[PDB]
$ cat entry_1.cif   # mmCIF, C-alpha atoms
data_protein
#
loop_
_atom_site.group_PDB
_atom_site.id
_atom_site.type_symbol
_atom_site.label_atom_id
_atom_site.label_comp_id
_atom_site.auth_asym_id
_atom_site.auth_seq_id
_atom_site.Cartn_x
_atom_site.Cartn_y
_atom_site.Cartn_z
ATOM 1 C CA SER A 1 10.502 -4.208 8.041
ATOM 2 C CA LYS A 2 10.418 -0.559 6.692
ATOM 3 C CA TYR A 3 7.323 1.311 5.236
ATOM 4 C CA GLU A 4 7.722 3.389 2.008
ATOM 5 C CA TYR A 5 4.299 5.241 1.965
ATOM 6 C CA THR A 6 4.128 7.741 -0.897
ATOM 7 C CA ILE A 7 1.818 10.819 -0.652
ATOM 8 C CA UNK A 8 1.510 13.119 -3.926
ATOM 9 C CA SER A 9 5.141 13.698 -5.160
ATOM 10 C CA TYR A 10 6.952 12.902 -1.782
ATOM 11 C CA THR A 11 8.293 9.378 -0.830
ATOM 12 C CA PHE A 12 8.186 8.980 3.011
ATOM 13 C CA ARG A 13 10.409 5.912 3.896
ATOM 14 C CA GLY A 14 11.058 4.740 7.575
ATOM 15 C CA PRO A 15 10.316 1.818 10.256
ATOM 16 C CA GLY A 16 6.912 0.147 11.176
ATOM 17 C CA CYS A 17 4.556 -1.390 8.511
ATOM 18 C CA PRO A 18 0.792 -0.063 8.896
ATOM 19 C CA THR A 19 -2.021 -0.226 6.160
ATOM 20 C CA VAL A 20 -3.076 2.999 4.207
ATOM 21 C CA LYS A 21 -6.228 4.843 2.818
ATOM 22 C CA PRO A 22 -7.176 5.050 -1.112
ATOM 23 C CA UNK A 23 -4.572 7.362 -2.830
ATOM 24 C CA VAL A 24 -1.531 6.417 -0.548
ATOM 25 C CA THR A 25 -0.113 2.853 -1.290
ATOM 26 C CA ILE A 26 2.537 1.532 1.187
ATOM 27 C CA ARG A 27 5.510 -0.899 0.568
ATOM 28 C CA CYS A 28 6.884 -2.874 3.484
ATOM 29 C CA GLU A 29 10.433 -3.920 2.344
#

$ encode --input "entry_1.cif" --output "structure tokens"
Amino acid sequence: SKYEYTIXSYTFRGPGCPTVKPXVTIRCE
């Protein structure tokens, strides 16, 4: 499991799958 949580124009991709606030939308691969 790896979270890709995208903020603005920057894709932040690493380990641990949490849930996110309105605006940011995570992907657990």

$ resolve_selection --input "entry_1.cif" --expression "the PyMOL selection byres ((chain A and resi 27-29) around 6)" --output "list in words"
residues 1, 2, 3, 4, 17 and 26 of chain A

$ residues_around --input "entry_1.cif" --residues "residue 5 (chain A)" --least-positions-apart "3" --cutoff "8 Å" --atoms "only C-alpha atoms" --output "NGL selection string"
:A and (11-13 or 24-27)

$ write_last_selection --input "entry_1.cif" --atoms "C-alpha atoms" --output "mmCIF file, keeping the file's coordinate frame"
data_model
loop_
_atom_site.group_PDB
_atom_site.id
_atom_site.type_symbol
_atom_site.label_atom_id
_atom_site.label_comp_id
_atom_site.auth_asym_id
_atom_site.auth_seq_id
_atom_site.Cartn_x
_atom_site.Cartn_y
_atom_site.Cartn_z
ATOM 1 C CA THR A 11 8.293 9.378 -0.830
ATOM 2 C CA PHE A 12 8.186 8.980 3.011
ATOM 3 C CA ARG A 13 10.409 5.912 3.896
ATOM 4 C CA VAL A 24 -1.531 6.417 -0.548
ATOM 5 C CA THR A 25 -0.113 2.853 -1.290
ATOM 6 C CA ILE A 26 2.537 1.532 1.187
ATOM 7 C CA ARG A 27 5.510 -0.899 0.568
#

$ axis_aligned_box --input "entry_1.cif" --around "region 6-24 of chain A" --padding-each-side "6 Å" --output "AutoDock Vina command-line options"
--center_x 1.9 --center_y 6.2 --center_z 3.0 --size_x 30.2 --size_y 27.1 --size_z 28.3

$ resolve_selection --input "entry_1.cif" --expression "the PyMOL selection byres ((chain A and resi 23) around 9)" --output "list in words"
residues 6, 7, 8, 20, 21, 22, 24 and 25 of chain A
